[PDB]
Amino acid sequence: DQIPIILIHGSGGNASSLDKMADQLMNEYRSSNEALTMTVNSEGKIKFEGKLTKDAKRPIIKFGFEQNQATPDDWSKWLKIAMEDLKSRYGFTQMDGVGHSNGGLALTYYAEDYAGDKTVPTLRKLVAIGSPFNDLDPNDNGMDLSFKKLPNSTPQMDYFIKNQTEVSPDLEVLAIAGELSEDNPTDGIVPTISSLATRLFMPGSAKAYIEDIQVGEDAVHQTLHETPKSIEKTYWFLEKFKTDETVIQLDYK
């Protein structure tokens, strides 16, 4: 009945990439008291470092993909394999996840593809930080933060829309997006709208869907999972936010 929190890096990252967040949860908030590092390689290896005890509180799973530039749907498949082993070892029926960029996309595939699967933990809270739901092309995304549709949906977005019905009705989603300035709706890599495109498939599927836009030069893609606001909002969503009713909160902005 412990609910772990899985932390997943962006492309180019590793199992240490979300350590600022993890250290804050373990050392300052002290809402989590134990951690495990797990890594997976598509070659066929799964590695656990550490052991969670019976006294674990919100245990953190620092996750690493050795193939750290692969597609988010490949990541999701590899995550499933590793989550079968995690559940086998510890029995967790639910987990929360925080993913930076590609890591948030991997969680979204996991949410859509394995909600019914009793051999892995069901994703409960999903935090996606600068995740390019509709990839990187500004032409596909545009600049209208009140968007009800995208200028052009990519194949990935088409998949997310098609399979939105498969998410757990208890799923709670927080989409964090950066915008370098009000007149420059990108985080430097991802169009702000791409990172909020969850708006088009999570509301009414998930129990909760919340957006948070951070603005300014400090909201750059590469470090967006390290901003004070990102960490504060993530803590809030993981430890304070609770609902039985549907919640949808959009930033327009």
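Throughout, we count residues from 1 along the sequence that is shown.
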46-54 versus 60-68 - which carries the larger mean C-alpha B factor in the record
46-54
Between 197-205 and 37-45, which has the larger average Cα B-factor in the PDB entry?
37-45
Please place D244 in the lowest, middle or highest third of its chain by C-alpha B factor as given in the entry.
highest
So where's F133 on the chain's Cα temperature factor ranking, which third?
lowest
Based on the entry's values, in what third of the chain does the Cα temperature factor of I8 lie: lowest, middle or highest?
lowest
Once the chain's modelled residues are ordered by C-alpha B factor and cut into thirds, is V173 in the lowest, middle or highest one?
lowest
Of the three thirds of its chain by CA temperature factor, lowest, middle or highest, which one includes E166?
highest
